[PDB]
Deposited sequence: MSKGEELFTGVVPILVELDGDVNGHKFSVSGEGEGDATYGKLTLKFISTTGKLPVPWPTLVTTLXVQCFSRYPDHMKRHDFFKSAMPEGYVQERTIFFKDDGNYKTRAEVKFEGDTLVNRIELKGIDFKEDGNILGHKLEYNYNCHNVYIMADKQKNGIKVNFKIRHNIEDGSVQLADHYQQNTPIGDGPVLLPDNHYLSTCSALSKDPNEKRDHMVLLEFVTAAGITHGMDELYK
């Protein structure tokens, strides 16, 4: 339980801000939509306020609000994300692209008044000028995964991990090895969870009215374990 989850009993307006620089390539991304922790649902819209994105959209998916996951009633004791609100948390990642570059991200997710805000900073390097990332070899789609979470006492948060399986144009897949940290920005009490994971699905599509380089995202997530 947490006074914090109370803030997600209904639909919640969401905004995303991303500043990234891959292999020196500079890009800005904006997102807006809403969240339904109730149902484990996200409906989001993103575009590049900077032109044709330098990396494939799906490389950005993880980086672009785990607090919207749906935690089963017997799950309540282990929901760090919501518990942290509205003061929010820091979310940092290091992501390894098999036989290619990596991303380092630093984000804060918090309420900004009536909105849940995800503000991120991204850095990519060691990217193969002619790899699937830089030569956009990834097909616009997304697999379902399991986000494994454990407590991080000292940190006072959670240690998170998973590997994304990105579908390659050549019919193969490409591993996106995620290394993740979440810490409470606030000073109030948080739930430190036993081990578990999040059952994550997302679906990528396009908005036929959109000119700018963009992506329409939908996520469903439920806790388990």
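*Asks:* How would you write out the unmodelled ranges of the deposited sequence, numbered from 1?
*Replies:* Seq positions lacking coordinates: 65, 227 to 236.
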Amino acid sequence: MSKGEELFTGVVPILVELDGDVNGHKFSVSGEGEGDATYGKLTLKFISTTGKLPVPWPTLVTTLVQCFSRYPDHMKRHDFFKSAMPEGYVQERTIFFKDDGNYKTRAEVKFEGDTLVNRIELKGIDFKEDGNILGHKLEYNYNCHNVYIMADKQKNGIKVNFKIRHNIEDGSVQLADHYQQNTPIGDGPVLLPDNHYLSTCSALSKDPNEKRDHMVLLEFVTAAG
From here on, numbers count along this sequence of modelled residues.
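*Asks:* Take the C-alpha B-factors listed in the entry for 44 to 52 and for 193 to 201, compute each mean, and give the stretch with the larger one.
*Replies:* Averaging CA B-factors over each stretch, the winner is 44 to 52.
*Asks:* Between 103 to 111 and 144 to 152, point out the one with the higher average CA B-factor as the PDB entry records it.
*Replies:* The deposited B-factors put 144 to 152 ahead on the C-alpha mean.
*Asks:* So if I compare the CA B-factors in the entry for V160, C67, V173, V61, which one is the largest?
*Replies:* Max CA B-factor in the entry, restricted to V160, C67, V173, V61: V173.
*Asks:* How does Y89 rank on Cα B-factor within its chain, lowest, middle or highest third?
*Replies:* Lowest third of the chain for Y89's C-alpha B-factor.
*Asks:* Would you please rank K137 by its C-alpha temperature factor against the other modelled residues of its chain and give the third it falls in: lowest, middle or highest?
*Replies:* Middle third by C-alpha B-factor.
*Asks:* Going by the CA temperature factor in the PDB record, which third of the chain does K128 belong to: lowest, middle or highest?
*Replies:* It belongs to the highest third of the chain when residues are ordered by C-alpha B-factor.
*Asks:* Pull the Cα B-factor of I14 out of the PDB entry and bin it into the chain's lowest, middle or highest third.
*Replies:* Lowest third, going by the recorded CA B-factors of the chain.
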